[PDB]
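The structure appears right after this line, and notes come after that.
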Amino acid sequence: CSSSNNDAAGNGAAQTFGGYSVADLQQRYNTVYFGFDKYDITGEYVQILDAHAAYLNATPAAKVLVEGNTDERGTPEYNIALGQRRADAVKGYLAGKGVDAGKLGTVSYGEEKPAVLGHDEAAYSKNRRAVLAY
Amino acid sequence: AXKXX
């Protein structure tokens with residue numbers, strides 16, 4: 001049916017890519033949470049992939065920069081690798097949706113610059129994340 | 001050993 005909700009009767013043109021607007025996709029929903037040496041995304045964070053994809057495709061010169069950062073435990077080479085690959089997962093995702101590789105970007109600062117100090121499921125879980133950076 | 005953890 002579509003057009004079930006009305007803002008002010010003006011029109012539906014309102015900025016809403018896959019559910020959210022740029023100002024939200026860039027500051028609210030753009031971070032994914034991974035697990036211990038996990039190389040898979042979760043349905044809970046999938047929505048972003050489809051939303052960012054709609055916005056990314058809508059803009060020809062729009063390129064997404066996936067930032068990966070897992071637990072410091074180990075070494076940049078071990079992390080960066082594990083992450084860069086996970087990053088390859090999301091990068092290839094948008095790629096399968098029709099998004100050009102030239103607009104895709106991946107990186108990882110594993111042990112380089114840790115986020116949550118400490119080494120416990122709490123701090124560690126908070127560290128296992130790849131933040132969609134534009 | 002792996003990635004430790």
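Just so you know, all these numbers are worked out from the coordinates, no wet-lab data involved. Virtual Cβ from ideal backbone geometry, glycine too; neighbours counted across all protein chains shown.
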### Query
In sequence order, what are the phi-derived ³J(HN,Hα) couplings for the range A:9-14 according to the Karplus relation 6.51 cos²θ - 1.76 cosθ + 1.60 with θ = phi - 60°, rounded to whole Hz, with x for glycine and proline?
6, x, 4, x, 2, 2
### Summary
Non-local residues with an amide H under 5 Å from the amide H of A:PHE17, with H modelled 1.01 Å from N and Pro and chain starts lacking one, are A:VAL22
### Task
Can you tell me the 0 to 90 degree angle between the C-alpha axis of helix A:76-96 and the longest principal axis of chain A, rounded to 10?
20 degrees
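So if we plug the beta-carbon distance of A:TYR29 and A:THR75 into 1/(1 + (r/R0)^6) with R0 = 25 Å, what FRET efficiency do we get, rounded to 0.05? The partial results should precede the final answer.
Values: r = 31 Å, r/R0 = 1.25.
Calculated value: 0.20.
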### Message
Under the rule of at least 5 residues apart or a separate chain, name every residue whose amide H is placed under 5 Å from the amide H of A:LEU132.
### Response
A:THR31, A:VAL32, A:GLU67
### Message
With +1 assigned to the C-beta of every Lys and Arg and -1 to the C-beta of every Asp and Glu, and no other charges, what is the dipole magnitude of the range A:58-131 about the Cα centre in debye, to the nearest 20?
### Response
380 debye
## Note on the structure
Sorted by chain and then number, the residues having a modelled amide H within less than 5 Å of the amide H of A:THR106, at least 5 places away or on another chain, are A:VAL66
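So which trypsin sites (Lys or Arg not before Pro) in the range A:87-134 are both in a DSSP loop and have at most 14 other Cβ atoms within 10 Å of their Cβ?
On the way: sites: A:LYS91, A:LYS97, A:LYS103, A:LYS126, A:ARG128, A:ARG129; in loops: A:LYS97, A:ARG128.
Answer in residue order: A:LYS97.
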### Summary
In nanometres, the difference between 0.36 nm per residue of separation and the alpha-carbon distance of A:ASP40 and A:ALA95 is 18.2 nm
### Query
Summing -39500 (n - 2.57) over the DSSP H runs of n ≥ 4 in chain A and dividing by its residue number, what mean residue ellipticity at 222 nm do you reach, to the nearest 500 deg cm²/dmol?
-11000 deg cm²/dmol
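If the only charges are +1 at each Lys and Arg Cβ and -1 at each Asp and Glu Cβ, what is the size of the charge dipole of chain A around the Cα centre, to the nearest 20 debye?
Details: 13 positive and 16 negative charges, 57 e Å.
It comes to approximately 280 debye.
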## Note on the structure
Expressed in angstrom and ordered largest first, the alpha-carbon extents of the protein assembly as shown along the principal axes are 60, 32, 24
